[PDB]
Amino acid sequence: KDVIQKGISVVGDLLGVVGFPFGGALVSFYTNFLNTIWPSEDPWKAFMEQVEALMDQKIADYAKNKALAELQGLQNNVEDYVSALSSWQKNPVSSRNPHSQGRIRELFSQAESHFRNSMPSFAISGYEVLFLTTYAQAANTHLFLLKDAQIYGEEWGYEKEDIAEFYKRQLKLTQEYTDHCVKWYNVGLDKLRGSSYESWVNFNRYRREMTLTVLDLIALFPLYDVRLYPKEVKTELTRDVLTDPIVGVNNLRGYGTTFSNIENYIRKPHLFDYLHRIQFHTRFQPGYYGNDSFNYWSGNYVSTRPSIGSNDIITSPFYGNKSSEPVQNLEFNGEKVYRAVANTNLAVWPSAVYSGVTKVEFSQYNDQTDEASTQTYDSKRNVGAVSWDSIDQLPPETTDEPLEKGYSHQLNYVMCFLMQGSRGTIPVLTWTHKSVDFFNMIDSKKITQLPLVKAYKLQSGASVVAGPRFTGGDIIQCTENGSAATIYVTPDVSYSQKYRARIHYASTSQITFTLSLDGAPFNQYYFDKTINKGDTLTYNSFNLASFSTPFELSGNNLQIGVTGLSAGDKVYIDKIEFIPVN
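Residues numbered from 1 in each chain as written, not as in the entry; some residues may be left out. Heavy atoms only, no water.

Regarding how it was determined, this PDB entry cites X-ray crystallography in its header, along with a resolution of 3.3100 Å.

Below, the discussion takes up the pattern of salt bridges. By the definition in use, this model includes 23 salt bridges. Of the charged contacts, one joins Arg277 and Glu331 as a salt bridge, the two residues approaching to 2.9 Å between their closest N and O atoms. In this pair, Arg277 sits in strand β3 (residues 273–285) while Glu331 sits in strand β7 (residues 328–331), placing the two residues 54 residues apart along the sequence. With a closest N to O distance of 3.2 Å, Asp574 and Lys575 form a salt bridge. The same class applies to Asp574 as to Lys575, namely buried. Because the salt bridges share partners, they merge into one network encompassing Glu112, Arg116, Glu165 and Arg169. (Salt bridge = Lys/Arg side-chain N within 4 Å of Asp/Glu carboxyl O. Helix = DSSP H or I, 4+ residues; strand = E, 2+ residues; numbered from the N terminus. Buried < 20%, exposed > 50% of the residue type's maximum accessible area, 1.4 Å probe, protein only.)

By the definition in use, this model includes 46 aromatic pairs. Geometrically, the ring pair formed by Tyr81 and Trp156 is edge-to-face, given 6.2 Å between the ring centres and 85° between the ring planes. One end of the pair, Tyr81, is in helix α4 (residues 61–90); the other, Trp156, is in the loop between α6 (132–152) and α7 (160–190), with 75 residues separating them in the sequence. The same class applies to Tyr81 and to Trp156, which are both buried. Of the aromatic side chains, those joined through ring pairs into one cluster are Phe29, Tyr30, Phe33, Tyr81, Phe108, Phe144, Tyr152, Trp156, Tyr158, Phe166, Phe221 and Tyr224. When the ring centre of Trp184 is taken as origin, the NZ or CZ atom of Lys183, which lies over that ring, is 3.7 Å away. (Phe/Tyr/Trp six-rings, centres within 6.5 Å; stacked < 30°, edge-to-face > 60°. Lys NZ or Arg CZ within 6 Å of the ring centre and 35° of its normal.)

What follows covers the UniProt feature "domain: Pesticidal crystal protein" (unreviewed entry) in the protein. Here, the residues flagged by UniProt with the feature "domain: Pesticidal crystal protein" (unreviewed entry) are residues 21–225, 233–437 and 447–582. From the first C-alpha to the last, residues 21–225 spans 11 Å; its make-up is 75% helix and 0% strand. In residues 447–582, helix accounts for 0% and strand for 53%; the two terminal C-alpha atoms are 13 Å from one another. (UniProt positions renumbered as here; feature names shortened; annotations may be inferred.)

Think of interface size as the accessible area that goes away when the parts come together; that is how it is often given. Once the domains are mapped, the protein shows domain 1 (1–227), domain 2 (228–238 + 436–582) and domain 3 (239–435). Of note, the centres of domain 1 and domain 2, computed from C-alpha atoms alone, are 29 Å apart. At the interface, 23 residues of domain 1 touch 17 residues of domain 2. Counting each side, the surface lost to burial between domain 1 and domain 2 is near 1700 Å², with a carbon and sulfur contribution of 62%. Counting across the interface, domain 1 meets domain 2 through zero salt bridges. Summed over the shared surface of domain 1 and domain 2, the result is six residue pairs in polar contact. (Domains from an automatic or database assignment. Contact = heavy atoms within 4.5 Å. Buried area = accessible area lost by both parts, 1.4 Å probe. Polar contact = N/O pair within 3.5 Å; in protein donor to acceptor, adjacent residues only side chain to side chain.)

Turning our attention to the nonpolar core. Among the nonpolar cores identified, the biggest contains 134 residues, and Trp38, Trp156, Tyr206, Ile278, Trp297, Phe362 and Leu411 are the most heavily contacted of them. Residue contributions to this core peak at twelve residues, all from α6. Among the nonpolar cores identified, the runner-up in size contains 35 residues, and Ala455, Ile503, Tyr505 and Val562 belong to it. (Core = buried A, V, L, I, M, F, W, Y, C linked by side-chain atoms within 4.5 Å.)

As a further point, take helix α8 (residues 197–218). The terminal C-alpha atoms of α8, which comprises 22 residues, lie 30 Å apart, in line with the 32 Å expected from a rise of 1.5 Å per residue. Roughly 50° is the biggest bend found in α8, and it falls at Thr211. With 19 of its 22 residues buried, α8 lies for the most part within the structure. (Expected span 1.5 Å × (residues − 1). Bend = angle between axes of the 7 residues up to and from the residue.)

Taken together, the three strands give an open sheet; going across it, the order is β2-β13-β12, and neighbouring strands pair in antiparallel fashion. With partners counted over all chains shown, the strands left at the sheet margins are β2 (241–242) and β12 (409–418), one partner each. Bridging between β12 and strand β13 (residues 425–433) involves nine bridges; their strand directions are antiparallel. Bridge pairing links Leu418 to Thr425 in β13. (Pairing = 2+ DSSP bridges.)

Judged by pairing direction, the sheet is antiparallel, and its four strands sit side by side in the order β10-β9-β8-β11 without closing on themselves. On the outer flanks of this sheet lie β10 (371–378) and β11 (386–389), each paired with one strand and no other. The mean inter-strand angle of the sheet, taken between neighbouring strand axes irrespective of direction, is 25°. Across eight bridges, strand β9 (residues 352–366) lies against β10 in antiparallel orientation. From the neighbouring strand, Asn366 faces β10, where its bridge partner is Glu371. (Axes fitted to C-alpha atoms, helices over the stretch in contact; angles between N-to-C directions.)

Moving on, we get to the pairing of strand β18 (residues 475–478). Across the two faces of β18 the burial is the same, with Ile475 and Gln477 and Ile476 and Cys478 all buried. Judged from the three bridges that link them, β18 and strand β27 (residues 571–581) form a sheet pairing that is antiparallel. Counterpart to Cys478 in the pairing with β27 is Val571.

Encoded structure:
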């Protein structure tokens with residue numbers, strides 16, 4: 001968790017200063033950012049190590065040390081420019097003099113040039129995957145650095161040319177860095193797809209650890225354009241992640257649920273929801289003497305409640321084997337599960353081993369009544385000791401605080417997969433990022449992004465579909481003309497605040513988007529074609545365009561409709577965003 005936390009930390013801290021940040025937070029963000037990612041050789045070594053271990057492969061020592069040498073040089077330029085920028089922020093409008101301007105212009109240029117020059121040593125042929133966490137971390141520091149040209153460049157006495165040359169380069173690299181990072185993420189994801197359990201696990205560990213350090217980072221790049229995003233931005237990541245399965249033995253000797261039997265039943269892409277109920281089913285594992293025997297979690301139902309605007313609960317299929325003991329229900333309404341800690345047990349038999357999950361204790365937190373607690377599944381017979389802590393796989397954003405304020409992720413789903421040869425049950429849990437906001441609240445001071453996945457309702461046969469890898473979530477796909485998604489929205493104020501809508505989409509034809517509040521259309525405009533038929537979605541495939549007329553939140557249920565589709569045609573809708581307007 002050294003590395004995984006550093007990545008969870010940085011997403012958290014960057015969500016604080018995304019869009020146009022206050023020079024207040026921007027500076028403390030930097031002082032904390034250097035302590036995390038740029039403090040030494042040390043993290044950068046562990047970032048290489050991490051993917052080496054995720055891939056059972058190794059980086060040639062010649063290229064490992066080339067990269068490390070660049071990185072010490074960058075660190076020096078970065079430390080130096082942050083020392084400078086902290087003085088610029090402190091000192092007043094009338095100690096800015098021609099010489100303190102020029103000093104900071106040359107440290108910035110020397111940070112920014114040294115980065116361009118250095119990135120190819122994290123992308124060296126044949127080792128692109130193994131460098132991917134390193135690349136993405138530096139990539140981010142380059143883009144996050146580049147935006148202070150747009151904030152302070154006038155202040156620093158850059159002429160208009162130099163500023164606009166920086167901005168153009170920031171746009172191009174946001175794109176190169178995004179499409180590189182996705183491409184190799186997927187290369188190395190596909191090397192890992194096997195057919196055994198023992199391989200599903202690693203494929204998945206690659207998928208979690210890549211998501212936490214690479215994909216969630218790149219989702220924030222388009223928000224460093226602090227002229228498209230000239231206020232602070234309020235935002236969230238919708239992607240789910242799967243913690244390693246809960247077994248009581250490191251090697252199952254071939255009775256693992258197979259690759260195709262895990263991967264095809266984990267949740268397909270779907271509208272966002274919240275963990276509402278788990279129901280534990282419980283069987284008895286006989287021990288080969290009676291004294292080494294235990295009860296264990298054989299299966300379950302999960303009930304989730306959908307995103308705000310609909311209370312009708314989605315109770316699942318049954319997963320696993322039905323209970324011989326009594327059932328246990330844990331109702332989770334109004335609660336956020338921030339942790340799960342689990343006990344296993346096992347029983348050696350003269351030519352067989354049986355294992356199961358005997359106890360699971362969930363830390364939850366209630367922010368209506370700001371109060372933490374715990375709720376638990378015990379089997380009631382021979383629990384053994386904890387062999388599994390969601391903390392090790394999903395660390396805290398902030399260690400300063402106690403876990404119920406600092407947690408990174410909360411528990412959204414639970415599936416029980418069955419081992420081959422009726423030997424046992426494997427739990428697999430599913431997690432969502434804390435950044436999500438159940439209320440779908442539209443800030444009056446910040447630009448506010450709503451992923452269409454927080455709809456509670458699709459119509460006209462729109463579907464939820466696998467995200468292109470960089471949106472930090474999944475997307476909605478419209479193939480018919482008409483409605484497509486209703487999303488419930490909560491004004492943060494009760495005066496007549498006015499907004500501009502702005503929609504992030506990809507289209508095969510020219511189309512007409514239409515927004516409506518409690519049934520009443522308010523915006524209607526024309527939008528360009530961004531792709532051709534069957535193209536596969538890269539950064540440039542998408543597009544972010546304004547509706548003309550401004551409006552107020554006269555209601556809650558906002559509806560997105562579309563028209564101008566032929567046969568063949570397709571519209572992907574990532575996000576919708578509101579920008580307050582005087």
